[PDB]
Amino acid sequence: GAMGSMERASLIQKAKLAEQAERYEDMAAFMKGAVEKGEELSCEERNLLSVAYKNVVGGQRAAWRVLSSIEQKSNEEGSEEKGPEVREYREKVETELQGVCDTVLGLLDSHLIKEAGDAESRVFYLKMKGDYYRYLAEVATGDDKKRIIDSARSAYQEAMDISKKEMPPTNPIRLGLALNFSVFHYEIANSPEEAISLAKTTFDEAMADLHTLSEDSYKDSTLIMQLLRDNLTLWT
Amino acid sequence: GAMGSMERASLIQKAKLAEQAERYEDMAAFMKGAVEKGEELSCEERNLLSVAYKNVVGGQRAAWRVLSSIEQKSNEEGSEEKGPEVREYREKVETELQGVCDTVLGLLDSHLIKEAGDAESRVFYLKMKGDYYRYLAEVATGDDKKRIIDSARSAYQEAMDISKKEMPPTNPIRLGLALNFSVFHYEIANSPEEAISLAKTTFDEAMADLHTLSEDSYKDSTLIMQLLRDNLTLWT
Amino acid sequence: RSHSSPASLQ
Amino acid sequence: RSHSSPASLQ
Ligand SMILES: *SCc1cc(N[C@@H](C)CN)c2cc(C(=N)N)sc2c1
Ligand SMILES: *SCc1cc(N[C@@H](C)CN)c2cc(C(=N)N)sc2c1
Ligand SMILES: C[C@@H](CN)Nc1cc(CS)cc2sc(C(=N)N)cc12
Ligand SMILES: C[C@@H](CN)Nc1cc(CS)cc2sc(C(=N)N)cc12
């Protein structure tokens with residue numbers, strides 16, 4: 001990789017600088033380079049990795065949705081056909097999005113997940129594996145869609161099992177995992193009843209654990225709880 | 001170029017799609033490819049070119065300012081020195097910004113400016129030449145700063161001469177030219193009195209020409225006039 | 001759309 | 001900072 005000659009600490013420093021500069025493509029390249037140094041990531045460094053790639057793939061997902069909508073309307077009844085250009089460009093963005101997912105999934109599989117020696121690190125990485133298979137699922141169609149969906153499910157489910165055994169119900173990684181698995185169920189797997197049930201149980205069990213938290217931890221937990229509540233309002 | 005095999009019309013279509021998707025790097029590559037087809041640009045296409053590169057370079061300028069500020073403070077009295085990383089990364093962004101300016105200036109010089117057969121097209125391109133030399137000037141230092149500044153001045157000045165001979169005082173290209181030349185004078189060339197004088201004359205002469213406009217043209221002209229007014233408030 | 005988690009998690 | 005022109009101009 002082009003980051004092979006840079007020190008680990010310098011890559012982390014520059015990832016933080018790129019975040020300040022809103023240069024998320026740079027930030028992701030720096031964090032990829034830091035991961036490839038082969039050392040385990042701290043909590044802060046894991047978050048830097050996630051922020052970088054989530055911003056990169058988020059821009060791609062937003063573009064793909066814009067383009068896919070245009071494409072669907074140029075294929076409606078009575079809507080003239082302006083040639084191949086919309087499909088071509090949607091495919092270009094799709095392929096770039098798929099390459100980003102492939103890159104992240106590759107970092108997780110070589111070798112973040114296997115070396116993760118804590119519940120908190122292993123759940124974080126397994127949640128990320130589920131997330132990036134979900135992003136692949138959003139654009140998948142033929143004959144591989146079902147297997148991509150089940151790869152996302154398998155990852156989320158293992159993370160869920162560990163988080164329930166090893167973390168308290170208010171743990172922000174546990175909460176964000178459950179949130180994202182509920183979104184998987186609702187938006188990807190056509191399982192709205194599972195999504196609702198998970199979000200309700202997640203919210204109620206966290207509510208009953210808030211009393212154990214400091215103000216600092218209480219703030220982190222309740223932010224994600226409000227997202228669970230917001231989704232339940234949409235879904236019910 | 002990698003756009004050599006794509007049709008001109010398809011490149012324009014995709015530039016417009018990329019703008020909708022807020023994919024400005026794509027948009028700039030599509031418009032570069034369209035320019036390199038060798039045909040003259042319409043008013044709409046000139047604006048697509050400008051939007052694409054202005055967004056690309058704008059993100060670079062914003063990052064460079066963030067990083068340059070960090071760098072200046074790590075060089076203040078009593079501020080520890082965290083090593084070469086801030087300077088290195090500022091230099092990386094600077095070099096990428098310089099490459100974008102070089103690319104645009106290259107399109108203008110080969111051969112947009114010489115083939116521009118209208119006052120409106122020739123002023124638009126000469127204003128752009130001044131703008132991108134100004135962006136180079138913002139990051140220039142040693143022994144070439146003065147020549148970059150005078151390249152920006154020479155371009156703006158020729159555009160000003162044509163616009164005053166050939167366009168009415170409310171023409172939005174004339175107005176945006178004068179605005180940007182006044183910013184050059186104030187921020188780059190250390191000529192605040194020239195900047196103020198130009199902005200005042202530009203505003204007053206446009207105000208007296210508004211009565212000749214339709215509502216559509218009046219809207220375009222007054223938007224830029226308000227920017228002239230906003231700057232005069234900062235500067236006086 | 002449904003809301004998913006923010007990128008950073010304590 | 002000073003304001004410069006928007007990118008698109010009629
Ligand atoms: S793992 C300790 C840690 C916590 C945060 N904060 C989020 C949980 C809430 N803001 C964190 C944010 C980082 C960033 N975006 N630079 S790094 C990091 C680490
Ligand atoms: S040259 C005719 C033309 C005018 C505009 N509008 C700006 C002057 C005001 N919005 C224009 C905008 C374009 C865009 N950003 N896609 S293209 C074009 C052409
Ligand atoms: C079939 C599915 C998983 N069952 N595999 C994938 C499909 C696509 C769409 S082209 C991209 C990637 S990237 C990647 C990885 N693990 N790095 C796996 C896949
Ligand atoms: C000296 C100055 C103009 N007098 N030249 C330039 C300096 C730098 C900074 S490395 C970048 C570029 S890009 C470019 C072009 N016309 N394409 C000219 C320049």
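Order of the sequence lines fixes the chain letters, A, B, ..., with proteins taken first and strands second; residue numbering starts at 1 for each chain. First listed ligand is number 1; within each ligand, the first listed atom is number 1.
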- prompt: ligand 1 and A:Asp220, any nitrogen or oxygen pair closer than 3.5 angstrom?
  reply: no

query: Taking non-hydrogen atoms only, is A:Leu136 closer than 4.0 angstrom to ligand 3 via side chain, backbone, both or neither?
result: side chain

task: Please work out whether any backbone atom (N, CA, C, O) or any side-chain heavy atom from C-beta onward of C:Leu9 is under 4.0 Å from ligand 1, and answer side chain, backbone, both or neither.
output: backbone

query: With a cut-off of 6.0 Å (strictly less than), are more than 12 heavy atoms of other residues, nucleotides or ligands near CD of A:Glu7?
result: no

query: Just distances here: any N/O of A:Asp109 and N/O of ligand 3 closer than 3.5 Å?
result: no

- request: Determine, for A:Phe203 and A:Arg229, whether the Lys NZ or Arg CZ falls below 6.0 Å from the six-membered ring centre while staying within 45 degrees of the axis.
  value: yes

- prompt: Going by the atom numbers of ligand 3, which of them fall below 4.0 Å from some non-hydrogen atom of A:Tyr133?
  reply: 3 (C), 16 (N)

- request: Could you list all the side chain to side chain donor-acceptor pair (under 3.5 Å) pairs where at least one residue sits in residues 95-104 of chain B, not counting sequence neighbours?
  value: A:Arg23-B:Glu96

statement: A student checking ligand 1 against A:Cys43 at a 4.0 Å heavy-atom cut-off should list atoms 1 (S), 2 (C)

query: Do the ring centers of A:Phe30 and B:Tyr89 come within less than 6.0 Å of each other?
result: yes

query: Roughly how far, to the nearest 0.5 Å, is the OG atom of D:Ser5 from the CG atom of B:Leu179?
result: 4.0 Å

- request: Flag the pair A:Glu88 and B:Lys14 as a salt bridge only when some basic side-chain nitrogen lies within less than 4.0 angstrom of an acidic carboxylate oxygen.
  value: yes

- request: For ligand 1, note which part of A:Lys16 has a heavy atom under 4.0 Å away: side chain, backbone, both or neither.
  value: neither

query: Quick one: does B:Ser151 get within less than 4.0 Å of ligand 4, heavy atoms only?
result: yes

field: A:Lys16/B:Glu85 ion pair, N-O < 4.0 Å
entry: no

Per-atom contacts of ligand 1 with A:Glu19, taking only distances under 4.0 Å to non-hydrogen atoms: 14 (C), 15 (N), 16 (N)

message: As an exercise, identify every atom of ligand 1 less than 4.0 angstrom from a heavy atom of A:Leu48.
response: 16 (N)

